[PDB]
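Trainee: Just dropping this structure here.
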Amino acid sequence: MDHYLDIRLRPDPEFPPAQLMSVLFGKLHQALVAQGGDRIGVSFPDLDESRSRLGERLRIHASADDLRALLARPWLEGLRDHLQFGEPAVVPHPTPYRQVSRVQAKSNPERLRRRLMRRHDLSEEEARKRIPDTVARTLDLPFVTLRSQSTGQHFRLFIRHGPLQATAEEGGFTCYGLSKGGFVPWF
RNA sequence: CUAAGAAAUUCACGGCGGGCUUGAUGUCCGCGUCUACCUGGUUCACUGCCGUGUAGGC
């Protein structure tokens, strides 16, 4: 979209940058659910996929002026000191097919044992013998702390930038989920 | 090529007993331990679509 807002976090000695990225993402999710718009894209530049750390930048995509003003205010609700955001400028158009989307993994076999026991396959000890073992525990690289709101606990969130094959531009949804679920123009 | 050249000391045994170390004593006075400080990077869970497996929500 043509309403991008790059945000560059100011270096603060008291706070690590991912600890503020989690608060920025939480305020963005809370005030993005609160509006009437449904598909508002979110992209993560400065990605650095060699040292396994998320970037210090963040951009939005919303095909309106009033909606992009609402989301310029939304991620900046109350903080006003740690963001140091920019101005909405006219975007270039390479669009190299890069789609950013959520992924999920299973590292707790006891939840699978609970689901096996108390929902479908009513047993006591067949569950612990049959499938699980202390092996094949997955992992995913970009972490977001993301404390919950509606009676929840601290749970990570993992995201993937897709294939950057520069051949064409396939149309997709702007956002599926909290922030991003589709393709965005990548710079 | 040596004050050279050689060589069986061998046997036995009862050290015994007796005894009052005694009393006496004033260690004793003094004292300033001060000063400063980010545990923090770090709670990958709960429960469900689902016969596995692998999609999703917060």
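Letters A, B, ... go to the chains of the structure tokens in the order shown; residues in each chain start at 1; ligands are counted from 1 in the same order.
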Find the residues of chain A in contact range of chain B, meaning any atom within 9 Å when counting only C-alpha atoms (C1' of nucleotides), and list them as number ranges by chain.
Mentor: A: 16, 104-108, 111, 114-115, 139-140, 143, 148-150, 152-157, 177
Trainee: Taking only stretch 28-168 of chain A into account, list the residues labelled alpha helix (DSSP H) by DSSP (computed from the backbone), as a list in words.
Mentor: residues 28, 29, 30, 31, 32, 33, 65, 66, 67, 68, 69, 70, 71, 72, 109, 110, 111, 112, 113, 114, 115, 126, 127, 128, 129 and 130 of chain A
Trainee: Within 12 Å of residue A:117, counting only C-alpha atoms (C1' of nucleotides), which residues qualify if same-chain residues fewer than 6 places away don't, as a compact mmCIF listing (two decimals) with N, CA, C and O atoms, in the first residue's frame?
Mentor:
# COMPACT_ATOMS: atom_id res chain seq x y z
N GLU A 110 2.66 -32.48 27.16
CA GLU A 110 1.65 -32.70 28.19
C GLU A 110 0.30 -32.13 27.80
O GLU A 110 -0.74 -32.67 28.20
N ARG A 111 0.28 -31.05 27.02
CA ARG A 111 -0.98 -30.53 26.49
C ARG A 111 -1.60 -31.51 25.51
O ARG A 111 -2.83 -31.68 25.47
N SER A 123 -8.75 -42.49 28.30
CA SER A 123 -7.85 -43.48 28.87
C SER A 123 -7.19 -42.87 30.10
O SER A 123 -7.54 -41.77 30.53
N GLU A 124 -6.24 -43.60 30.67
CA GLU A 124 -5.39 -43.07 31.74
C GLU A 124 -3.92 -43.05 31.37
O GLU A 124 -3.27 -42.01 31.52
N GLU A 125 -3.36 -44.17 30.91
CA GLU A 125 -1.93 -44.26 30.69
C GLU A 125 -1.53 -44.68 29.28
O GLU A 125 -0.33 -44.71 29.00
N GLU A 126 -2.48 -44.98 28.40
CA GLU A 126 -2.16 -45.29 27.00
C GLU A 126 -1.57 -44.07 26.29
O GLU A 126 -0.73 -44.22 25.39
N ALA A 127 -1.99 -42.87 26.71
CA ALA A 127 -1.52 -41.63 26.12
C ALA A 127 -0.02 -41.45 26.28
O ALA A 127 0.69 -41.19 25.31
N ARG A 128 0.49 -41.62 27.51
CA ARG A 128 1.91 -41.42 27.77
C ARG A 128 2.79 -42.47 27.10
O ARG A 128 3.96 -42.20 26.82
N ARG A 130 1.95 -44.00 24.06
CA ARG A 130 1.78 -44.15 22.61
C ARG A 130 2.58 -43.13 21.80
O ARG A 130 3.56 -43.50 21.13
Trainee: Please provide as a PyMOL selection string all residues within 6 Å of stretch 55-70 of chain A, with the sequence filter that same-chain residues fewer than 4 positions apart are discarded (counting only C-alpha atoms (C1' of nucleotides)).
Mentor: chain A and resi 1+3-8+40-47
Trainee: With N, CA and C atoms retained, could you export that selection as a CSV table (one decimal), in the first residue's frame?
Mentor:
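Wrote part_33.csv, looks like this:
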chain,number,residue,atom,x,y,z
A,1,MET,N,0.8,-1.2,0.0
A,1,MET,CA,0.0,0.0,0.0
A,1,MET,C,0.9,1.3,0.0
A,3,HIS,N,0.8,4.0,2.1
A,3,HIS,CA,0.6,4.7,3.3
A,3,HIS,C,1.5,4.1,4.4
A,4,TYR,N,2.8,3.9,4.0
A,4,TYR,CA,3.7,3.3,4.9
A,4,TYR,C,4.2,4.3,6.0
A,5,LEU,N,4.4,3.7,7.2
A,5,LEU,CA,4.9,4.5,8.4
A,5,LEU,C,6.1,3.8,9.0
A,6,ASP,N,7.3,4.1,8.7
A,6,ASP,CA,8.5,3.5,9.3
A,6,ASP,C,8.7,4.1,10.7
A,7,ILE,N,8.9,3.2,11.6
A,7,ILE,CA,9.2,3.5,13.0
A,7,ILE,C,10.6,3.0,13.4
A,8,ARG,N,11.4,3.9,13.9
A,8,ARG,CA,12.8,3.5,14.3
A,8,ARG,C,13.0,3.8,15.8
A,40,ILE,N,-5.2,-4.7,7.7
A,40,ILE,CA,-4.2,-3.6,7.8
A,40,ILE,C,-2.8,-4.3,7.8
A,41,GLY,N,-2.0,-4.2,6.8
A,41,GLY,CA,-0.8,-4.9,6.7
A,41,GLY,C,0.3,-4.4,7.6
A,42,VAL,N,1.2,-5.3,8.0
A,42,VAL,CA,2.3,-4.9,8.9
A,42,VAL,C,3.5,-5.7,8.4
A,43,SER,N,4.6,-4.9,8.2
A,43,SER,CA,5.9,-5.5,7.6
A,43,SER,C,7.0,-5.2,8.6
A,44,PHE,N,8.0,-6.1,8.6
A,44,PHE,CA,9.2,-6.0,9.5
A,44,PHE,C,10.5,-5.9,8.6
A,45,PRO,N,10.9,-4.7,8.3
A,45,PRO,CA,12.2,-4.5,7.7
A,45,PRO,C,13.3,-4.7,8.7
A,46,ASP,N,14.6,-4.6,8.1
A,46,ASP,CA,15.8,-4.8,8.9
A,46,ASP,C,15.8,-6.2,9.5
A,47,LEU,N,15.4,-7.2,8.7
A,47,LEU,CA,15.0,-8.5,9.3
A,47,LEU,C,16.2,-9.3,9.9
Trainee: Run DSSP on the backbone of this structure and report the residues of chain A it assigns to strand (DSSP E or B), as a PyMOL selection string.
Mentor: chain A and resi 4+7-8+41-43+57-61+85+89+99-103+158-161+166+168+183
Trainee: Provide the atom CA of residue A:15 to atom CA of residue A:82 distance in Å, to one decimal place.
Mentor: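 Separation of atom CA of residue A:15 and atom CA of residue A:82: 9.9 Å.
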Trainee: Can you tell me how far atom CA of residue A:48 sits from atom CA of residue A:2, in Å to one decimal?
Mentor: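 These two atoms are separated by 24.4 Å.
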Trainee: Do you have the atom CA of residue A:86-atom CA of residue A:36 distance handy?
Mentor: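 So the answer is 24.0 Å.
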Trainee: Find the residue from A:52, A:35, A:167, A:99 that sits nearest to residue A:73; use only C-alpha atoms when measuring.
Mentor: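 For residue A:73, the nearest of the given residues is A:35.
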Trainee: Check the smallest atom-to-atom distance from each of A:181, A:145, A:116, A:92 to residue B:42 using only C-alpha atoms (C1' of nucleotides), then report the winner.
Mentor: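 Nearest to residue B:42: A:145.
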